[PDB]
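# Would you be able to build a 3D model of this:
(chains A, B, C, D, E and F)
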Amino acid sequence: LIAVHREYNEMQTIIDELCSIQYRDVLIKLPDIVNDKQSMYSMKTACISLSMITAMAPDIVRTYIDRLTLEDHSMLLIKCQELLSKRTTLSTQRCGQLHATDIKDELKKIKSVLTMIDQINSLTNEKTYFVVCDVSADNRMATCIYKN
Amino acid sequence: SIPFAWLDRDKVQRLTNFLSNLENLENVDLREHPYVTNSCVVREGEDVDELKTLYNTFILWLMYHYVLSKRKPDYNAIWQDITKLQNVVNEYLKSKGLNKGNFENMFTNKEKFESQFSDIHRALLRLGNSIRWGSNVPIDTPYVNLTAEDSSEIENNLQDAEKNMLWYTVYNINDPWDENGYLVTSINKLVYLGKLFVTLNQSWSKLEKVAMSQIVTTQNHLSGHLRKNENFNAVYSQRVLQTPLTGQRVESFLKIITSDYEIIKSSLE
Amino acid sequence: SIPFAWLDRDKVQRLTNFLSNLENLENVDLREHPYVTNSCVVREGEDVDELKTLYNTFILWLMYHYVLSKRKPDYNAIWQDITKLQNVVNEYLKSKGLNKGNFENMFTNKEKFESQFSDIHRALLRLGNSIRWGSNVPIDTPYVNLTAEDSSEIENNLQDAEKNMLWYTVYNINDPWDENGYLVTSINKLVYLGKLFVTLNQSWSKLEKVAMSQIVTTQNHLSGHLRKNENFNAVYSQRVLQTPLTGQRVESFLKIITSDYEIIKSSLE
Amino acid sequence: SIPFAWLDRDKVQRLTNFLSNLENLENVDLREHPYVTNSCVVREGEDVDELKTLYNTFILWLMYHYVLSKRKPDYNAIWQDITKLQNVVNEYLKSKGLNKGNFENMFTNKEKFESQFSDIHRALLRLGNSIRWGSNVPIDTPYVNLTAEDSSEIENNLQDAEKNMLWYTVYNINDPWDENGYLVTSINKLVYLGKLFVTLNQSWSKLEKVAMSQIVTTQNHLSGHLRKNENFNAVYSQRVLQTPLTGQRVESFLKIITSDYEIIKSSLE
Amino acid sequence: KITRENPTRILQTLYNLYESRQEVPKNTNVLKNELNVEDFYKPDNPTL
Amino acid sequence: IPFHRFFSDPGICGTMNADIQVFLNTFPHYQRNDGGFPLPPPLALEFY
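Residues are numbered from 1 along each chain as shown, chains lettered A, B, ... in the order given. Now the structure:
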């Protein structure tokens, strides 16, 4: 995400603080430094997909919640108002198009925003391939059991 | 227009300016401004005050109730925000969590019902939960909210509204610096708006009742003084100024009493 | 500063008082005050009328268009209240409860951009909704929102605003007793404010079109009457007073003719 | 009541005017402007002039020092903001902020010399930190780093503080634009406030040392000229005017020299 | 809820709860006597 | 003065006084003669 931004004058130290991780006293530097392009892996659909989600979310939940409040849901309507107007406190001033939407447009918005999720299904979960039961001395190898 | 009586053009211009800038000046009460009444009193003493000031103060109270009824703002705009806050925050918090105060949610549903006086009764008891969430291990605190200068300025604003119902200003207590939580600031909003709404309606009904009681009293005294004469103009003035007056009636009656001022200036001796 | 020293100073004072109290007297139109045009008339009979009346009425209509463009009030203050009522009351009407008029809210915004015939259609489609809410079953009746006495008064107020768009009054529709609800009174407010806004704008465009038509007519007659002479003063007066005008060039043209007033009053034969 | 020697009412009014409005003018150095001593000299050459105006300058410098020590504003109010910046931001950057910042070195550079610190090396180290957070490597700008749109104005503010340390204003950090955020604006505020604190204290100590040096200088020239005569009023004036003074003892001595101006006006030769 | 005052104050403060729109809840005994001689023993009785 | 269990006719009280009359026009079911439509809360002490 932050490799695409320019004009941060702390960009080198902030990439360095991202690349240095530590876990049980073994450091490693994540080799995706300044975009050397050796194998950056470039992850461009992954960041694009995340930001499509975080941009198409508020207006989709807005167009759903602005409808059928007469029924006693009683929890969802209150929660969305709170969650939306805390972060996006000044909600929809200029409005872009001033509430001229198509039902087909809303259809395409929800269909797209749900395609993005089930296609970022890969970075969604991480399965446990092995559950290690014991580890040999000096941490050379370990006997595990196999799952998934 | 602007019929009043045998008063001077100076006094008619004074009453014009007063009933125009009624919404402008503060402490709107005809008892609190006695200069209107001694502008209303008639030149050359009580020999012509003894009937004409009865008629003229009758005209003052009629047009005062008229300009109140014509210039009341609509406080349902602030009760709409009361319904939004009381609905969205209170019921839904006590349903979403802490499912013991549903008896108090039935109480706040009856508070949503238009029983404001009994509703604002036990605003202490529905403030105690806001005290519990603003400060841990719940104590009793003063009834107005957490910030001290905002607490004093709320009371200053409520006294301003109680003096002048016609011109009122909301306080809009919300803050971006929030040591106090969001939901309990919404509770603070609800308490302030509920007090503002009930204060405006109490003071409005108070001055309306006072004006109508003064109108009925001046009718009784003025009919008692007009009783003795049996000329046709005098008994027609009796039958006009004897007609019953309610608040929905007073505006049509002011039109009637203009078209009868055309006679009852000359009908009075 | 202030031409026509050669008229009577009484008549110059008449024109000064007219242009100073144009925003105060009613029926703001130069056509409706023919004693202004009859006080414009030039001495020594028709022989001097035949030239100087065209220049005199020319500067009259130029000053009239100038004081209109200088003294036009702002209408975005009342359109602010229209936008506020349309946004708040309609969204809390529909999205908060019983959402049926999604397409009608689409309509209200798409028409609020720049359409007036559609504002008449919205007046229809909101009178329908007000008759739904005020008496709770749908039926149609034409042009009546509520309150026959205020309905008689609103026509008086709209005639006042149409005659004097410079000096207009907002009526404050609302009722102190609650025989019809807050939302019905808000629809009453929105219908009255929309009719008021389109009345002010169309009366303004009417006056501006009349003023420009009079100025172009006086240009044609004045150039056709000054066509005869071949003096240098005459042809310089032609080349000054022959130039075309817009609504935003009239101020510079008034400044230029004020600066060269001496050579054209010498050019008058 | 305002004790001074044989002067004119205009000179007494002008001295009282200056010592009253000592706060509002710039450049409070009584040495630097010479306009006062020409009022403090009485008249008539040197003959009736040395011994009277020496006492007069004694009273002038003494009451100048009095009104300084009475109208000094507190700088501990800005040192409280220095501790608010120093404690809450920077230590939390190095402890609760993570990533280097040796606790011992940085915390002791903060914590040592709580009172009477005039260290520029601490500011240089914090400039090295803030400049590493910023864009460019050298230390050309000791305050705002990365911009100079306010640098000449903060120079002007520190010079105006040097001129009138009795009346000082803290400038401000422009909130919408900043290169880094809360951190670099806190560091720039800490540098500017530490410089303002040490500048105002050094200017105050400079002026107080000046006033005490001038008073101790004039006591000797007063005493050597009063030493010769042997009258009792003379030797009592010698003892009163040879009482030793400190800047913390000067206020009671001003009261004493009023109550003895009752006598020592006549004691002079 | 019960409330007691002195008869001096109640004769001058009598009409307050009629000017206000407060509605007094049902007492237990008036809730009880509206039921019938057989409906009383049924568990729908809120006063068994 | 409606004070007792008996002697408390709403049809009499709301026809002397207007404040009971608007109290009964908003809550018509306290116009009943049968039970206790509410006395002033200092007077309506039913168990006592």
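
# When you work out contacts or count neighbours from here on, use the C-alpha atoms and nothing else.
Fine.

# Look through chain A and report the residue furthest from the middle.
Relative to the C-alpha centroid of chain A, counting by C-alpha atoms, centre = their mean, residue A:137 is the outermost residue, at 39.7 Å.

# burial measure for the residue in chain F positioned nearest to chain A, as a count.
The nearest approach of chain F to chain A comes at residue F:26, 28.0 Å away (C-alpha to the nearest C-alpha). Counted with other C-alpha atoms under 10 Å in any protein chain shown, residues neighbouring residue F:26 total 11.

# ok, now which ones touch it?
Applying C-alpha atoms under 8 Å, 6 or more residues apart in numbering or on different chains, we find residue F:26 in contact with no residue.

# And residue B:174, by the same measure?
Neighbour list for residue B:174: B:185, B:189 [criterion: C-alpha under 8 Å, 6+ apart].

# Up against chain B, what does chain A have?
A:74-75, A:78 (C-alpha under 8 Å from any C-alpha of the partner chain).

# For PyMOL, write the selection for the buried entries among those residues.
Of the residues of chain A next to chain B, the buried ones can be selected in PyMOL as follows, counting by 16 or more other C-alpha atoms under 10 Å in any protein chain shown:
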select buried, chain A and resi 74+78
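
# With secondary structure and distance to residue B:187 added, can I get the residues of chain A next to chain B in JSON lines?
Below are the residues of chain A next to chain B laid out as JSON lines (DSSP: H, G, I helix; E, B strand; the rest coil; distance: C-alpha to C-alpha, whole Å):
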{"residue": "A:74", "secondary structure": "coil", "distance to residue B:187": "19"}
{"residue": "A:75", "secondary structure": "coil", "distance to residue B:187": "18"}
{"residue": "A:78", "secondary structure": "helix", "distance to residue B:187": "15"}
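
# What count of nearby residues applies to residue B:103?
Residue B:103: 10 surrounding residues under other C-alpha under 10 Å.

# next one: phi and psi at it?
phi -60, psi -40 (degrees, to the nearest 10).

# near chain E, which residues of chain F?
Residues of chain F lying near chain E by C-alpha under 8 Å from any C-alpha: F:19-20, F:23, F:35, F:38, F:40-43, F:45.

# Weed out the non-buried ones from those.
Applying a neighbour-count criterion of 16+ other C-alpha under 10 Å, the buried members of the residues of chain F next to chain E are F:19-20, F:23, F:38, F:40-43.

# Just the closest of these to chain D, please.
Lowest distance from chain D to these (C-alpha to the nearest C-alpha) belongs to residue F:41, with 58.9 Å.

# Give me the buried stretch members for stretch E:29-41, please.
For stretch E:29-41, the neighbour count (16+ other C-alpha under 10 Å) marks residue E:40 as buried.

# Same question for stretch E:1-14.
Judged by neighbour count (16+ other C-alpha under 10 Å), stretch E:1-14 contains these buried residues: E:10, E:14.

# Run a quick neighbour tally on residue F:32.
With other C-alpha under 10 Å as criterion, residue F:32 counts 12.

# Helix, strand, or coil at it?
At residue F:32 the chain is in coil, as set by DSSP: H, G, I helix; E, B strand; the rest coil.

# If you drop the residues flanking it in sequence, what lies closest to the one residue in chain A that gets nearest to chain B?
Residue nearest to chain B within chain A (C-alpha to the nearest C-alpha): residue A:78, separated by 5.9 Å. Spatial nearest neighbour of residue A:78, chain neighbours left out: residue B:88 (5.9 Å); criterion: C-alpha to C-alpha, 6 or more residues apart in numbering or on different chains.

# Tell me who's in contact with residue 15.
All of this is about chain A. Shown in contact with residue A:15 (C-alpha under 8 Å, 6+ apart): A:33-34.

# try chain E instead
For residue E:15, the contact set (C-alpha under 8 Å, 6+ apart) comprises F:19, F:40.

# Dihedrals phi and psi, the residue lying closest to residue B:204 once chain neighbours are set aside?
Spatial nearest neighbour of residue B:204, excluding adjacent residues (C-alpha to C-alpha, 6+ apart): residue B:165 at 6.9 Å. In terms of degrees, to the nearest 10, the main-chain angles of residue B:165 are phi -60, psi -30.

# Number of residues surrounding residue B:165?
If you count neighbours by other C-alpha under 10 Å, residue B:165 ends up with 25.

# Please apply the same query to residue B:264.
Residue B:264 sits with 19 neighbouring residues when counted by other C-alpha under 10 Å.

# I am finished for the moment; much appreciated.
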